Amino acid sequence: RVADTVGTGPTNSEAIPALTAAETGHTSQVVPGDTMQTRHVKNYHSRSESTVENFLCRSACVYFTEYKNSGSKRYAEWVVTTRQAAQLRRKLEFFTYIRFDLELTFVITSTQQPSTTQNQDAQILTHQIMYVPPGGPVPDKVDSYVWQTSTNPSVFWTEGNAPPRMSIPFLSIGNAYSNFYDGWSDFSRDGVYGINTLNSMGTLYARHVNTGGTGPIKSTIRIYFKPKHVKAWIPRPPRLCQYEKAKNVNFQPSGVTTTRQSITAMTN
Amino acid sequence: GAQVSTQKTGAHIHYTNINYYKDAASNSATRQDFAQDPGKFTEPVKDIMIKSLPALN
Amino acid sequence: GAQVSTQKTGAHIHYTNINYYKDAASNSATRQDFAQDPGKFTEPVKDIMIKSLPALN
Amino acid sequence: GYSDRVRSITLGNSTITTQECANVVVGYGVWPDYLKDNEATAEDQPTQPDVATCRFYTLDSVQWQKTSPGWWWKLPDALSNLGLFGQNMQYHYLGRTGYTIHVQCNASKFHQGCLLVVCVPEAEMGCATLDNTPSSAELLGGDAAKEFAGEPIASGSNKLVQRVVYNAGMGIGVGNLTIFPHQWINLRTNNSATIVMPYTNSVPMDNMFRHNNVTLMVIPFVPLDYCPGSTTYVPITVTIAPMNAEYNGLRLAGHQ
Amino acid sequence: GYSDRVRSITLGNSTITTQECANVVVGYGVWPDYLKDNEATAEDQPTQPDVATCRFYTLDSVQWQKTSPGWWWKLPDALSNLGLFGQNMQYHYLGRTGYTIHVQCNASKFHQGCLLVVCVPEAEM
Amino acid sequence: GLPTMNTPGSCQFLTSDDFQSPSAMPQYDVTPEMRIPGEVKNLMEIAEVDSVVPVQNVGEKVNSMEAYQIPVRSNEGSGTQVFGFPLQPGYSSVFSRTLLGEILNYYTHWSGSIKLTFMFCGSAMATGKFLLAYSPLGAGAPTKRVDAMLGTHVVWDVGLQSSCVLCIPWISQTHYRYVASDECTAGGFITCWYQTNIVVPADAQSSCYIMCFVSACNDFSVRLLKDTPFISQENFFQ
Amino acid sequence: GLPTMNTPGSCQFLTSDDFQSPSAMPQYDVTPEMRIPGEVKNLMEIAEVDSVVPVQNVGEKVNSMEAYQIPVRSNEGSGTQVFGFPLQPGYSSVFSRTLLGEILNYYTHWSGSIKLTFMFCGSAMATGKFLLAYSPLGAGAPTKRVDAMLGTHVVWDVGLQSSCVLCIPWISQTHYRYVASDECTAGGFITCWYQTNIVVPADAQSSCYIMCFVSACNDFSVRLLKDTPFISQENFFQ
Ligand SMILES: CCCCCCCCCCCCCCCC(=O)O
């Protein structure tokens, strides 16, 4: 519950609440009553939406990819990264270190693609999603042994019902996920430099289990991320810049703020 | 083993929750954790400073 | 006859399970059976050997 | 009686005494401490050089000019070749340590200037070229200060840190550096700034050469300015002392 | 049971194991120990690198020939450029330490030879 | 088979929903937690920390470090206005990019007092008195010092402590004021004046600078969390 | 009919899911259990058992039983290096096919100490001393015996007991090291040197052999189980 103001009355005193030192770096903490006479007001306001969990407990689409029932590109592969979507990336960047369980919802939509073939008949498409840990063999073709998934987690979805949903335990070699790493992959210091060095979350593969009809069908799979049981430390300033790559923090230089006509003027 | 907790309501009413999984990572988020402490970020300095005393003396 | 058991959680929280079938082969797997004993495969030999004594004497 | 401004800090065989100082800042309210057995991943016993490693070390001074964008130091690199502490890290695979920072600037009453002394965990600088990561030589300066540039790095196709002052190299607003622990040195009110840092990192111990934990940055929000005939050279000196330093993984010297 | 001949010495991260050895000799019946406060001339606190300095260091081997007069080593000079221990002494004006010596020679039953391993305080050549 | 009915909205996807779903991996052993400094439990605590204000955000000044600095100089006549900015932190250009303003761009409603901190950055010899004032809504912005004095104000003196705090009381008919600018709720006008002329000895500079710091007070609160306006992507980044 | 809502993901198939389903045959009488030797409850117990190491895995040697054997011979100068292999069991060619390595190919993360056992296979008369050393990551692999001695090592003497155990302490910044090779985590370098020259009587062979055995210690553990790389089928077998 928010703190409630205390009523105050005029006084002349040696004590100087308003006067303080910026140099110490201790933020000044003075109530309105110390600066002016005030009236006793009770506050029922609650700081219950500013909690880190409430702020980060909402689904956002990290990335989407397209695969075809026919033609050369039978299946789609995406490396699992938070950084490629700006909104998800900006809020995660607010804390240097974050620890959190992950909730995953996949939405798949199929669109018929125009074609020369006629009198097409389409049985309901079934879609398979398979997640491979680092060093698991990658599928090279859609008909590969890798698609058996005996040792790999996998979900099968039939079109026309609720999107498939899974819960992920906190996966890290480290005690906490590191939003920023100031380090090199090797001891020498010649090599790639960045958070990409600590990036080993595996890869995700999506394919049509079966083909209903002769005509070409294109399917888009959208991946949604929802933090759960969130724990944060070492808070960082707001990014204040448009992103450029998901592997580095490289930025085009940016003015500090939008500019008003004059220091006196109240118009932006 | 049902658990009974209070609901989010206005000022100036309980919801039953049962866990059906043992993974413990399948539970709902802890939305109702209203605890705050600005002491780390604000007033970081070792020697404590009173509200109305000269800051440097 | 509900059964209450502990969940799988980290270190440094209970799930209710009810059986709705009598075949007993319709139950869930016993994932939480963390018991091990290497004595069979390692230290197979009849006469016991101490950690720091000559192996053959 | 006593004065809030007067202070005296004694570490090892080095003692620091300033007549005027702003109250000392502990960045997260946590004193640096040795690692707990409950939290310790490594089985092997650690070696603690005690007073040898834990002493004040003085770095090369810089000149504050009326138009200096900024000066910045990577702290682990700063002490990488200094005394036993430089030797111990070169010998050992893993090191965790607290850091004491003391920034001293002296000026006449007539002089006017304001410097911001901020220590930032995990600062990652961003290269001027988008397709290239920043070079190690640009990223870290050993035995020498690295300086921010008032203008943005010009268009290029080479490794080069982006040094524009407002972004501070992190591509974030300079004014919001308040959230990071910091201490303001104002020439009229303050002679010097003392910041004490708890060890900060996801892992309990990390190899010092591959990874740097915190970066000390100095920027003048208000330019230095003086009337003619006043001393025209102003010196800023950074002194750093390791706290509760410990080492593990005894290994042959050098990094590769 | 146990064998008088078998031995195992563990110092720091270095372990020495010989199947056959003569009983270990303490030269004056005194184990090496840190200096007493009662006996200490210097006011300043001493620095003890602990396991770093206290580990076995192996020197360059020599060839025993049918006509080798002898081999001799100045021990403080021997470890003067070896690991942290070589570094600490170069850094510090005063050092006092105990020394463990282990001399190993291996030969076939048919071979015959006798070597005298003696440590002498203050030998002046 | 117990009889069951299906509610409207069955098999639908809501972004903000809280439910129980089966883990991808059964019985995973999570890595043990370790102590980390500066743990964060609330966004408001970050907003309480002071943030430098780019008060002089005109033209080239935002491109230089001169945005934050506010110019002051010795002047022939007392009563000249040092600066004027809109009270609201969220919409105004001056407070939009600050710590508190950035957090506010995330939330639709905002409540409570704002603390403004002003630190003189001139020579020791330099002395001066300034009048910092807040004027309640529905009154035209003050055009003279006499008008400004009617609005609640703190008279500040340079020397001794070198910083001052003007605390703006919340004075709103509504419990919550929209972060987005609203015709219905106008936050107020904040302006500064010379109580007295700045005085300096010969060999001391006539002109000095004043930095401004803005933060959330203890009574401050937020609601209705929303997507922020500033961050946008044309395409997914690589 | 009680009102009910349907969760997202209803009617979906997850490989790793644990639920209750109706038996194909009701009330089947299962055959009674009987006592069987070597009952297994954990995979780790199998990894604790020592496995022969094909240390000499070069060219024709893997095709013969010579892979396992490590060559040693009497030499003019002491200090020559018997062998060198990478510390990690999972990725390295030398440990990939062993009992512990094969179990690791199944799991993504691995933790804890490894015990290496070395048994001299020469004549009774043959005698020798070897230095077995482990060097911590971030240091170039030792190129000389003096460099190797700096890394933790055990000096071994032939005769009396004919086998020795070098136990590699876990020395990792991370709690878990990836089985797949990782730039971030480097396990270490393991190398052997001649402490002294091998000595033999006339009529005894100058050159002998040394076998190496690798096993999981009590502290060892695994996580994130994954499909193994080695096993593949072009088509279903008949
Ligand atoms: C079975 C299909 C789903 C597979 C999900 C695999 C696990 C993905 C975990 C991603 C966690 C991302 C954490 C933040 C970014 C980072 O630290 O890398």
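Observations, loosely collected:
- Residues satisfying the stated conditions in region G:95-149, i.e. assigned to a loop (DSSP other than H, G, I, E, B) and of a type in the set (S, T, N, Q): G:98, G:113, G:123, G:143
- Leading residue by the ranking (nearest to residue F:113 (Cα to Cα)) among those in region F:66-99 that are more than 16 Å from the chain's Cα centre (by Cα), buried (at least 19 other Cβ atoms within 10 Å of the Cβ) and facing chain A (nearest Cβ under 9 Å): F:83
- Residue within region D:25-44 that is touching a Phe, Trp or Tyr at 6+ places or on another chain (Cβ under 8 Å), hydrophobic (A, V, I, L, M, F, W, C) and more than 30 Å from residue C:12 (Cα to Cα) present: no
Residues are listed down the side, and each one gets a yes or a no for (1) more than 26 Å from residue A:160 (Cα to Cα); (2) within 15 Å of the ligand (Cβ to nearest atom); (3) over 12 Å from the mean Cα position of the chain (by Cα); (4) in a strand (DSSP E or B):
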residue	(1), (2), (3), (4)
A:101	yes, yes, yes, yes
A:111	no, no, yes, yes
A:128	no, yes, yes, yes
A:137	yes, no, yes, no
A:141	yes, no, yes, no
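- Lone qualifier among A:257, A:197 - being within 15 Å of the ligand (Cβ to nearest atom) and within 30 Å of residue D:166 (Cβ to Cβ): A:197
- Filter pass, residue A:23 being away from the ligand (no atom under 16 Å from the Cβ), within 14 Å of chain B (Cβ to nearest Cβ), of a type in the set (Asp, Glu) and more than 14 Å from the chain's Cα centre (by Cα): yes
- Of the residues making up region F:106-125, just one is polar (S, T, N, Q) and in contact with a helix residue (DSSP H, G or I) (Cβ under 7 Å, 6 or more places away or on another chain), namely F:113.
- Some residue of region A:30-43 being touching a helix residue (DSSP H, G or I) at 6+ places or on another chain (Cβ under 7 Å), of a type in the set (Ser, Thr, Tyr), farther than 30 Å from residue D:184 by Cα and buried (at least 18 other Cβ atoms within 10 Å of the Cβ): no
- Listed by first and then second residue, the pairs linking a residue in region G:49-65 that is assigned to a helix (DSSP H, G or I) to a residue that is of a type in the set (A, V, I, L, M, F, W, C), with Cβ atoms under 6 Å apart and 6 or more places separating them unless they lie on different chains, are G:61/G:67.
- Per-region count, region A:176-194, residues farther than 20 Å from residue A:133 by Cβ, within 15 Å of the ligand (Cβ to nearest atom) and of a type in the set (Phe, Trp, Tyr): 2
- Residue tally, condition out of contact with any helix residue (DSSP H, G or I) (no Cβ under 9 Å at 6 or more places or on another chain), on the phi > 0 side of the Ramachandran plot and surrounded by 13 or more Cβ atoms within 10 Å (Cβ to Cβ), over region A:100-148: 0
- Matching option when the condition is more than 30 Å from residue D:205 (Cα to Cα) and within 16 Å of the ligand (Cβ to nearest atom), among A:204, A:171: A:204
- Test: residue in region A:211-220 that is within 15 Å of the ligand (Cβ to nearest atom) and not aliphatic (A, V, I, L, M): no
- Here region A:85-99 is the region considered, the condition is being closer than 17 Å to residue A:64 by Cβ and either more than 14 Å from every other protein chain (Cβ to nearest Cβ) or not aliphatic (A, V, I, L, M) (or both), and the residue that is nearest to the ligand (Cβ to nearest atom) is A:89.
- Tally of residues being facing chain G (nearest Cβ under 7 Å) and over 22 Å from residue F:27 (Cβ atoms) across region A:159-192: 6
- Residues in region A:69-79 include none that are in a helix (DSSP H, G or I), of a type outside the set (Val, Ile, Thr) and within 16 Å of the ligand (Cβ to nearest atom).
- Some residue of region D:100-108 being within 15 Å of the chain's Cα centre (by Cα), surrounded by 17 or more Cβ atoms within 10 Å (Cβ to Cβ) and closer than 19 Å to residue A:182 by Cβ: yes
- You will find that of D:129, D:194, the residue that is β-branched (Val, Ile, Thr), more than 11 Å from chain F (Cβ to nearest Cβ) and farther than 20 Å from residue D:238 by Cβ is D:129 and no other.
- Selection status of residue D:98, among the small types (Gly, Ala, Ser) and not in a loop (DSSP other than H, G, I, E, B): yes
- Evaluated against (1) within 16 Å of the ligand (Cβ to nearest atom); (2) more than 7 Å from every other protein chain (Cβ to nearest Cβ); (3) closer than 30 Å to residue F:53 by Cα, residue A:252 falls short on exactly one condition, (1).
- Residues being out of contact with any helix residue (DSSP H, G or I) (no Cβ under 8 Å at 6 or more places or on another chain) and under 16 Å from residue F:99 (Cα atoms) - total across region D:142-169: 1
- Of the criteria (1) in a helix (DSSP H, G or I); (2) in contact with a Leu (Cβ under 8 Å, 6 or more places away or on another chain); (3) surrounded by fewer than 10 Cβ atoms within 10 Å (Cβ to Cβ), which one residue E:77 fails: (2)
- Residue check for residue A:156: at the interface with chain G (Cβ under 8 Å from one of its Cβ atoms), assigned to a strand (DSSP E or B) and within 12 Å of the ligand (Cβ to nearest atom): yes
- Some residue of region C:3-13 being within 21 Å of the chain's Cα centre (by Cα), under 27 Å from residue G:44 (Cα atoms), part of a strand (DSSP E or B) and small (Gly, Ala, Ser): yes
- Qualifying positions in region G:147-160 - over 22 Å from the mean Cα position of the chain (by Cα) and more than 7 Å from chain E (Cβ to nearest Cβ): G:147, G:158
- Where a residue in region F:68-92 is β-branched (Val, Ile, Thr) and its partner, wherever it lies, is in a strand (DSSP E or B), with Cβ under 6 Å and at least six apart: F:70/F:83; F:70/F:210; F:72/F:208; F:72/F:210; F:80/F:194; F:82/F:192
- Residues that are at the interface with another protein chain (Cβ under 7 Å from one of its Cβ atoms) and surrounded by fewer than 15 Cβ atoms within 10 Å (Cβ to Cβ), drawn from region G:29-53: G:38, G:41, G:42
- Flag if residue E:61 is part of a loop (DSSP other than H, G, I, E, B), under 16 Å from the mean Cα position of the chain (by Cα) and within 14 Å of chain G (Cβ to nearest Cβ): yes
- All conditions in (1) under 17 Å from residue A:109 (Cβ atoms); (2) in a strand (DSSP E or B); (3) over 15 Å from the mean Cα position of the chain (by Cα) hold for residue A:224, with the sole exception of (3).
Each value in this text was obtained by applying a stated rule to the coordinates, not by laboratory testing. Cβ sites come from the backbone with ideal geometry, for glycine too, and all protein chains shown count toward neighbours.
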